[PDB]
Amino acid sequence: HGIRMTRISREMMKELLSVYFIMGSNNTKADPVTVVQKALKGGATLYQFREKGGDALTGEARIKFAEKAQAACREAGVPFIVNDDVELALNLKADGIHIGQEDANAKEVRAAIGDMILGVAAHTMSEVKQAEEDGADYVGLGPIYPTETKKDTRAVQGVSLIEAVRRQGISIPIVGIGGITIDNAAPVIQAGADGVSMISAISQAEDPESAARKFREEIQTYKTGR
Ligand SMILES: Cc1ncc(C[n+]2csc(CCOP(=O)(O)O)c2C)c(N)n1
Ligand SMILES: [Mg+2]
C-alpha cells in the first residue's frame with residue numbers, strides 16, 4: 001500500500017479499473033468528500049481526483065480538498081489517482097496520475113513519477129499504441145456514450161475502439177469512459193474493457209453508495225462471464 005518500487009502488473013491494474021470513480025467538487029450538489037466516501041463504501045475500486053474548470057476549487061483550498069479525498073481513499077484501501085497535475089501527485093504521494101492527449105507528454109510524465117500508476121486518455125488506435133510505447137499502465141477509451149460532464153469531448157465512439165484494440169492483440173489494461181450508467185456498462189466489459197469509469201452516474205445519484213455497489217456487483221458478473 002506504499003509507494004511502488006516497480007511498475008504495476010497488468011493483472012493488478014485490470015482489477016483496479018473495475019469501477020473507476022472520478023470526481024471534483026463541481027460534479028455534485030452534495031458535500032464533495034461525503035460523496036467520495038459513499039462511493040468508496042459502495043465498492044469503487046479506484047478513484048481519480050479531478051478538480052478543474054469553472055467553480056472548481058483552486059490554490060490551498062484545492063490542495064486541502066485533495067488531502068481529504070486521499071485520506072478517504074486510504075481508509076477504504078483504494079488507490080488515489082490525480083488528474084493532470086503531476087506536481088500535486090508527487091507532493092501528496094498519490095498512487096497515480098492520469099493525463100490526456102493535450103497534457104504533458106507521457107514519456108516526460110513517466111520519467112517524473114517513477115513507478116507510479118500512469119493512465120492516458122486515447123481516442124484513436126495510433127494514440128493507444130503511442131501510450132503503450134510511452135510507458136502507460138492503462139488507457140481510458142471513450143466517449144463510449146453521450147456526455148456533457150466534460151466540456152469539449154471528442155466524437156462518441158461506442159465500444160468500437162475497445163474492440164479494435166483487442167482485435168489487434170493489444171492486451172494493455174483498458175477502462176471505458178463517457179456517459180456510462182448502471183444500465184449500459186455490460187457492453188463495455190463485453191467488448192474487452194477491464195472496467196468502467198464514471199463521474200455523474202455516481203456523483204449525481206440520489207444514492208451514491210447504492211449506485212457504486214450496483215456497479216461493483218455488475219462488473220464482477222460481467223468479467224466472470226466473458
Ligand atoms: C480514465 C479517464 N479517462 C478519460 C478521462 C477524460 N474524460 C473523458 S469523458 C469524461 C467525463 C465522464 O463523465 P460522465 O461519467 O459523467 O460522463 C472525462 C473526465 C479521465 N479523466 N480519466
Ligand atoms: Mg487532461
Side-chain angles (χ1 to χ4, degrees), residues 8 13-14 16-30 35-36 39 44-54 56 66 69 78-89 94-106 108-109 113 116-124 127-128 131-132 134 136-159 161-162 165 172-185 187-189 193-205 208 211-212 214-215 219:
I8 188 169
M13 186 71 256
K14 291 179 175 175
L16 292 176
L17 295 176
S18 295
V19 181
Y20 194 178
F21 182 48
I22 303 173
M23 202 196 90
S25 69
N26 53 334
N27 297 128
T28 185
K29 175 183 59 62
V35 175
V36 173
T45 55
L46 189 63
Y47 169 75
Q48 181 189 125
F49 181 74
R50 180 174 178 281
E51 187 74 6
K52 60 188 297 186
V78 172
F80 178 83
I81 307 300
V82 171
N83 183 66
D84 297 331
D85 210 330
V86 180
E87 290 307 306
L88 182 61
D95 300 295
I97 173 76
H98 179 86
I99 55 174
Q101 293 298 311
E102 188 179 1
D103 294 312
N105 184 72
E108 291 290 305
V109 176
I113 69 177
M116 181 186 279
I117 293 174
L118 173 58
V120 182
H123 183 280
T124 72
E127 305 184 333
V128 171
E132 192 180 13
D134 292 338
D137 294 311
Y138 79 80
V139 289
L141 307 188
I144 305 299
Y145 308 111
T147 168
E148 57 180 295
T149 301
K150 170 177 170 53
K151 307 303 172 61
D152 303 302
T153 180
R154 298 189 181 181
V156 175
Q157 67 179 196
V159 298
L161 183 54
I162 299 177
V165 173
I172 189 178
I174 294 176
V175 67
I177 187 168
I180 297 178
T181 70
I182 292 295
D183 296 351
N184 65 28
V188 184
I189 300 301
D194 303 294
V196 297
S197 181
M198 74 301 290
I199 297 185
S200 68
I202 293 180
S203 74
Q204 290 169 21
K214 190 66 175 179
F215 271 119
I219 301 302

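Order of listing sets the numbers, starting from 1, for every ligand and every atom in it. Residues: numbered from 1 along the sequence shown. Both backbone and side-chain heavy atoms feed into the values below; hydrogens, waters and symmetry mates do not.
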Between [X] and [Y], is there a donor-acceptor pair closer than 3.5 Å when you use the side chain of the first and the backbone of the second?
X: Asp95; Y: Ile81; answer: no
X: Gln204; Y: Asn27; answer: yes
X: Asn26; Y: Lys52; answer: yes
X: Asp137; Y: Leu118; answer: yes
X: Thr28; Y: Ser203; answer: yes
X: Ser18; Y: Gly195; answer: no

Between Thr153 and ligand 1, is there a nitrogen or oxygen pair with a distance under 3.5 Å? no
Protein contact to [atom] [nearest heavy atom, distance to 0.1 Å]:
atom: atom 17 (O) of ligand 1; result: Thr147 OG1, 2.7 Å
atom: atom 21 (N) of ligand 1; result: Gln48 OE1, 3.0 Å
atom: atom 15 (O) of ligand 1; result: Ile199 N, 2.8 Å
atom: atom 14 (P) of ligand 1; result: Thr149 OG1, 3.5 Å
atom: atom 4 (C) of ligand 1; result: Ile177 CD1, 3.4 Å
atom: atom 20 (C) of ligand 1; result: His98 NE2, 3.4 Å
atom: atom 6 (C) of ligand 1; result: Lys150 CD, 4.2 Å
atom: atom 19 (C) of ligand 1; result: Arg50 NE, 3.4 Å

Proximity to ligand 1 by part of [X], non-hydrogen separation under 4.0 Å:
X: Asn27; answer: neither
X: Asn83; answer: side chain
X: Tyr145; answer: neither

When the ring planes of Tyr47 and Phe21 are compared, do they come out parallel, tilted or perpendicular, using 30° and 60° as the limits?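 Because their plane-to-plane angle lies in the 30° to 60° range, the rings of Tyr47 and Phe21 count as tilted.
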First locate atom CG of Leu161, then atom CG of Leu141, and finally report the distance between them rounded to the nearest 0.5 Å. 5.0 Å
Got a second to check how far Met23's CE is from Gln48's CD, nearest 0.5 Å?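 Rounded to the nearest 0.5 Å, the CE-CD separation comes out at 12.0 Å.
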Flag if over 12 foreign heavy atoms under 6.0 Å of NZ, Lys214: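 Not more than 12 within 6.0 Å, no.
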At the 4.0 Å heavy-atom cut-off, does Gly179 count as touching ligand 1?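 It does, in that a heavy atom of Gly179 comes within the 4.0 Å cut-off of ligand 1.
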Vertex the Mg ion (ligand 2), ends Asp84/OD1 and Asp103/OD2: angle to nearest 10° comes to 80°
Check ligand 1 against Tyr20 and write out every atom of the ligand that is under 4.0 Å from a heavy-atom position of the residue. 1 (C)
Using a 4.0 Å cut-off to any heavy atom of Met198, which atoms of ligand 1 qualify? 15 (O)
